[PDB]
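I have placed the structure first, in the form of structure tokens, so that the comments after it can refer back to it.
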Amino acid sequence: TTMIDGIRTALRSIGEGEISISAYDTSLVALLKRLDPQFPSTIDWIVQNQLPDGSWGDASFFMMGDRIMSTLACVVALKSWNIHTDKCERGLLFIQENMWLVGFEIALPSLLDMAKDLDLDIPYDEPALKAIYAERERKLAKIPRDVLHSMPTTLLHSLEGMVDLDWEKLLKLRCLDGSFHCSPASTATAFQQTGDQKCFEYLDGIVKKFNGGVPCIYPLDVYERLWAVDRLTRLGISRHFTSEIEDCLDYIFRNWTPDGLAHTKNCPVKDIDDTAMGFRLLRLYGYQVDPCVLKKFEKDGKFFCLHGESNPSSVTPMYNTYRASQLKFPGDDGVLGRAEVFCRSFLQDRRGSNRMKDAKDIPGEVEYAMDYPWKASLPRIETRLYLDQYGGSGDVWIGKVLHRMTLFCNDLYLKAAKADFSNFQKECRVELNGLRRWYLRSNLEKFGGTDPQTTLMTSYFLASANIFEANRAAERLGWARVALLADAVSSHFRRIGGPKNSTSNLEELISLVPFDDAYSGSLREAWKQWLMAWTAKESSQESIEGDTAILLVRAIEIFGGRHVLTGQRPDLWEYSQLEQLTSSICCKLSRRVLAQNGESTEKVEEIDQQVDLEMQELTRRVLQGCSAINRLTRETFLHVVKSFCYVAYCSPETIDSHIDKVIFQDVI
Amino acid sequence: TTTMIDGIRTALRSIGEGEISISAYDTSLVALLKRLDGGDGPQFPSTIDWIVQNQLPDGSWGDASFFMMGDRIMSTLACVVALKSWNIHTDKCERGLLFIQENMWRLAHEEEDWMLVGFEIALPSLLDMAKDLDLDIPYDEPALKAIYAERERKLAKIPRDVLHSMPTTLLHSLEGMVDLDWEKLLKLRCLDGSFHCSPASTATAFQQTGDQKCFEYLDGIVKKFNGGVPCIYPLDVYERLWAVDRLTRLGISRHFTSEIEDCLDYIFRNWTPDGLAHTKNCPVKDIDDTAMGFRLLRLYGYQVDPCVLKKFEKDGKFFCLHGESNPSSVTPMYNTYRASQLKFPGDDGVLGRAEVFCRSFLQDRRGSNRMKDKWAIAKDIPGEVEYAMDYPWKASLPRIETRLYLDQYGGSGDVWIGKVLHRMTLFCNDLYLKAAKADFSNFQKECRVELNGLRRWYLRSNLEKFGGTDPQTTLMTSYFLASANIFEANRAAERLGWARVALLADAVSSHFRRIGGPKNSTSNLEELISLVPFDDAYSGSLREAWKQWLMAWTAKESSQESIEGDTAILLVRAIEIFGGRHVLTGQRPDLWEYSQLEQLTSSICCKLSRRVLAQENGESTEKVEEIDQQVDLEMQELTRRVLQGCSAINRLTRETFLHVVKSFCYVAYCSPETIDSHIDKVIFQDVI
């Protein structure tokens, strides 16, 4: 409990960003001379963050580009100000011996050229040096200088290595805070070249905000929120921070642009990674968002990361787009349709290859996203897996320096999640152990599977994988119980021929569900209808699965005790229409599992193609958080259907390997 | 002390197919089976590996600690005709071949009921092997002429076409049978493939059919015992049911609640509409297992239908099997009678018929020393029945039965009569007695301790001033009733509280006789309740319960009606105040079920207070028998509601009702002479 409050106070205090200080950008800001050093606290930061091998940068992850480039950039500060020559050469040793990332081949050449303007014994004569110094010109050539001055671009992030540019038409391109694409390095060098006080103002605040020392990117108010939400959400503890999450999710909605989302509010250049993350979470949490904001990253069928700079697209952004395409609504622009296909192909061509590199388990995160589309993504399934995939402090981010995200790439995030999940597994085992008794002492295993522990186990598991909450135990057990009766009864009819020869008064049977003073009567009425559905759908070809599901949501709605006001006309329609979809969607599923007869891949792929279709209009009506039906009622429909889909799209082998991994393979 | 319990728990946790002793007869008769591939060695070399080992020093085979002719003869000779037919260890072969010669004359002294199964069917068939191989043995015995002719008498009684039409008990011992029609017979065996769960009967069946599903039973029987084989297997139902019955009556059922419930579940799953067998996979069912299963299941709060018994009714009599009208034994009729005690008013009539019939069968059998059993043999078989016969459910107080049962449990003493003598390791245990006699002694020790506290409390409270004109026995009995029922270690809170409050009521009642009623109540008998110790949670609601009891006095006073009803309600109200259980009255049927329990106890106890007045007034035996049935009926409806695990009120709340009432019943149906012989046998008659 203390931990939840820990994450809460961290989220309530959300802001510009929790980022690690970058050694390179801090010393490059140290290089700015008094307006009459200008930030002696940049230097005061520098002296202390020296690693024992005499080097700099990220300590916990050793990277060549990072330890070298961060180390020397601190050196070019200490010696060019002729102070602390003790550590200055002590780290000059590190550079010499280990001489054998973003903007690396642009900021490093201007940093050696800057190393020449001082004296510093460093192997410039490196065979590795010529290969990346050649790419200096291999890129400064494909960049059109007259285009770098016309529209804000990703290049403006590396102006320390840029030579002889028109600042008259460049200051027109900065971010809203005055920064040059949010690099303090690019703004320091832009200030050495022009004294724009709004371009200074970005810099001083960044050092004031950190009491010395400055990161490699700022601010990142959007990226951080979006990703902190997705992370808490996947970890299953999102329910604890509902006001805080909906607090900053609002912020993302406020700053939605028709051109997409950037990593910060005040960056005019947008990227697909942030837009897809934003689009998914905004739609997932019930906001009105239009996916057409994506066609800004489509150029002739292909999907890049920036609007124009057709760079090679990385792996993580395509994952995040693929996920956003999974919340496809039928009324949406086709761009989301095209996006799904492209991103699936991108990640499939790469799945069978270790070319999944960009974080702890990025292939596992991706296998899931591809093997379990939305219709079959049960939140506890994803969450159990995600505990074994979330990197914690292990995740590192590739910027100008190696940097880390304090707020959402946290170790407290895991300790909290694995706690809340263990208590779920504990509450789950006691839950079913109580269920097993209930099943047996009812002469109820005589009906059902030829191994009723298996028909019980999956029937309880589905309900708990979806309605997993602490207190919602009333509903969960109700779902499991009613499910078992329905399975039992369907089994009895299947090997007897129908209610035609129902010798018994099997209406009763609900009295196997314990009497609640508010629950029992209405549950009798719903169960009566499921029976009445059998005798009518009996001597025909329509399946009953549609009505089995419809009964379920009816009970789950009786437990948990919310009713649908029926005087209001649109309240009636939205409910009555949700039932139609669930009745229709589960009936089509039961037709696919019959064609798996077992022949015609062409025919099965037709049924799948249209179930996905009807699922979209359901997913729309369930998430559309303005609809006149209670969000919990809407979730109840989504829960039942997803579980039905889950079952219909999964081998019994895969299904209980999940059961073992979520309920029994204890975390912590 | 607690250490012994943990052994029993570990035995129960690993319950399974059965812990039974090996039969010498069945073991060698399986050695006689030749390889499936023709190898000139026996198919089961470990069946022999056992034989050489377990030859007893007296030169015989069979049960060692219990000497029986039938067992020594068949077990030895079957081992010998094995040893010679494989021509090995012929040195030991005679070291017991001698035993047959010397003790052969003890067969004319067999007991009228103690006789092996298939004795006259598998043994004459065992002599025939003692003549295909030459065997030096005394065929001419005066005991043989009567039993050898009993072979044709019984193989003239069997209907050949019916032995092949429906599975029967004859299928158990068919090794000495001719007329082999397996085409129509193999369709009659068990789900195991075994013939009525006998490995002997399956050895004969395999030479005569290469049935690999019939071998599979035999291969398994020797794997699971790594050599050697009993005379009946498996016993998954019998063992559980009986393992339960034993631990229950020994009063230590309380510790193994999870273990019992697990294997009692095994019965509920494997219940059939045709009854219970000794195993899951035997199609011919028996009343002994069926009555035990119904009784234990109903006792433990399961939904069971007694009409499963009418499958054993043939024209007013009950036998043991379906249709097959046989010499009924005593223990199966005992066990049915016990099950008949739990009749609910809604039950099928068979429980009515079962009780009355077995009542006669066990009465007509009680005097004559025909109390010997034809199936079982055990320390005290008539004592078990004497109790069950003298003390019906309404007066069978758990510590009374358990104390008495301690001196009648056989331990290792029990032996069971199959084709050979066998014993049940798990359930016919000596540790069972070792543990129970301990747990009971710790109970009486704690009972004596509480008594001194009650004695002090009674004396010092000036409460003897009025009341029963011999204080010391009013306390002693009144505490006994509470402790006989609510006896647990930790429930001392309730037990003492029950006994204490009871004393107040009796005291207040007597004062009311001496003044003529609350009309002449000069006193403030209300605040008499603060004589109970003051816990902050117990009293004051306790005061309110007491206040209501007095209110019963003044309101029923201008009438004739008894108050024993309201005094019984007052106790259960009190016992419930102790132990601190409340009735969530938000839920309606809980309120109803409680409110009706109060009615039934108040009602049953008033009738008791009217019957004991017609026994003072010496009124027509038939008039008292009118009241006894009218009480017994309500008792069933209460016993239904107390044991039905459906309607939701804490089981302890329901049991508290049964406890108060059962104590009232015991008192009204028991002589004061008999009553404290019980007090002494349970509290003061030290065990160990």
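A note on labels: chains of the structure tokens are A, B, ... as shown, every chain counts residues from 1, and ligands are counted from 1 in their shown order.
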Name the residues in contact with region 573-586 of chain A at a cut-off of 7 Å, using only C-alpha atoms, excluding same-chain residues fewer than 2 positions from it; report them as a PyMOL selection string. chain A and resi 545-547+549-550+569-571+588-590+611+614-615+618+629+641+644
_Quick one: residues within 8 Å of residue 505 (chain B), only C-alpha atoms, excluding same-chain residues fewer than 4 positions away - as a ChimeraX atom specification?_
/B:501,509,567
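Near chain B, within 9 Å and counting only C-alpha atoms, the residues of chain A are residues 437, 440, 441, 442, 443, 445, 446, 514, 515, 516 and 517 of chain A.
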Using N, CA, C and O atoms, can you export the residues from the last selection as a short mmCIF file (atom, residue, chain, number, x, y, z; two decimals), in the first residue's frame?
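File written: result_11.cif
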data_model
loop_
_atom_site.label_atom_id
_atom_site.label_comp_id
_atom_site.auth_asym_id
_atom_site.auth_seq_id
_atom_site.Cartn_x
_atom_site.Cartn_y
_atom_site.Cartn_z
N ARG A 437 -15.45 -26.76 -4.38
CA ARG A 437 -16.50 -27.27 -3.52
C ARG A 437 -17.86 -27.01 -4.13
O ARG A 437 -18.66 -27.93 -4.32
N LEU A 440 -18.67 -29.41 -7.01
CA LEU A 440 -18.89 -30.81 -6.66
C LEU A 440 -20.19 -30.99 -5.89
O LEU A 440 -21.07 -31.73 -6.32
N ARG A 441 -20.32 -30.31 -4.76
CA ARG A 441 -21.42 -30.54 -3.83
C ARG A 441 -22.79 -30.28 -4.45
O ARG A 441 -23.82 -30.32 -3.77
N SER A 442 -22.80 -30.05 -5.77
CA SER A 442 -23.98 -29.75 -6.55
C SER A 442 -24.35 -30.87 -7.49
O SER A 442 -25.16 -30.65 -8.40
N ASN A 443 -23.70 -32.03 -7.36
CA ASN A 443 -23.88 -33.15 -8.28
C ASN A 443 -23.68 -32.61 -9.67
O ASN A 443 -24.29 -33.09 -10.63
N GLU A 445 -20.66 -32.03 -11.41
CA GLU A 445 -19.64 -32.60 -12.29
C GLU A 445 -20.16 -33.78 -13.08
O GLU A 445 -19.56 -34.15 -14.09
N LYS A 446 -21.25 -34.41 -12.62
CA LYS A 446 -21.88 -35.46 -13.42
C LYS A 446 -22.20 -34.94 -14.81
O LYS A 446 -22.04 -35.65 -15.81
N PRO A 514 -25.79 -19.31 -4.74
CA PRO A 514 -26.28 -18.92 -3.41
C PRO A 514 -27.25 -17.77 -3.48
O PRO A 514 -27.17 -16.91 -4.36
N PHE A 515 -28.18 -17.78 -2.54
CA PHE A 515 -29.19 -16.74 -2.47
C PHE A 515 -28.56 -15.46 -1.97
O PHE A 515 -27.93 -15.45 -0.92
N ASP A 516 -28.64 -14.42 -2.79
CA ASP A 516 -28.53 -13.04 -2.33
C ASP A 516 -29.92 -12.41 -2.42
O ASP A 516 -30.69 -12.70 -3.33
N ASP A 517 -30.21 -11.53 -1.47
CA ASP A 517 -31.54 -10.94 -1.38
C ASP A 517 -31.85 -10.04 -2.57
O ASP A 517 -33.01 -9.91 -2.97
#
| field | Members of region 136-241 of chain B assigned helix (DSSP H, G or I) by DSSP, as a ChimeraX atom specification | value | /B:142-155,160-163,169-172,186-188,199-207,212-224,236-241
Quick one: residues within 7 Å of residue 427 (chain B), only C-alpha atoms, excluding same-chain residues fewer than 5 positions away - as a ChimeraX atom specification?
/B:239,242-243
query: Which residues come within 8 Å of region 285-289 of chain A, counting only C-alpha atoms, excluding same-chain residues fewer than 5 positions away, as an NGL selection string?
result: :A and (253 or 279 or 623-626)
Excluding residue 260 (chain A) and any residue of its chain fewer than 6 positions from it, enumerate the residues within 7 Å of it, using only C-alpha atoms, and give them as a compact mmCIF listing (two decimals) with N, CA, C and O atoms, in the first residue's frame.
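Generated output (around.txt):
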# COMPACT_ATOMS: atom_id res chain seq x y z
N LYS A 270 6.54 16.77 -35.41
CA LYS A 270 5.83 15.65 -34.83
C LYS A 270 6.47 14.36 -35.32
O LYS A 270 7.26 14.34 -36.26
N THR A 275 2.62 10.05 -31.67
CA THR A 275 1.24 10.15 -32.13
C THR A 275 0.50 8.82 -31.94
O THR A 275 -0.63 8.80 -31.43
N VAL A 293 -4.94 11.68 -38.47
CA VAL A 293 -3.72 12.37 -38.10
C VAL A 293 -2.48 11.58 -38.49
O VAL A 293 -1.37 12.11 -38.48
Q.
I'd like the contact shell of residue 393 (chain A) - 8 Å cut-off, only C-alpha atoms, skipping same-chain residues fewer than 3 positions apart - returned as a PyMOL selection string.
A. chain A and resi 396+404+409-411
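Residues surrounding region 478-481 of chain A within 8 Å are residues 435, 456, 459, 460, 462, 463, 513, 552, 555, 556 and 559 of chain A [only C-alpha atoms; sequence separation below 6 positions excluded].
Checking A:278, A:152, A:184, A:301 one by one against residue 341 (chain A), counting only C-alpha atoms, you find the shortest gap at A:301.
Here the question is which of B:659, B:317, B:455, B:153 gets nearest to residue 500 (chain B) using only C-alpha atoms, and that residue is B:455.
Computed from the coordinates, the CA of residue 379 (chain B) to CA of residue 414 (chain B) distance equals 6.7 Å.
Taking CA of residue 477 (chain A) and CA of residue 503 (chain A) as the two end points, the separation is 29.2 Å.
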Exercise. Determine which residues of region 183-385 of chain A DSSP labels as strand (DSSP E) from the backbone of this structure, then write them out as a count of residues only.
Key: 4
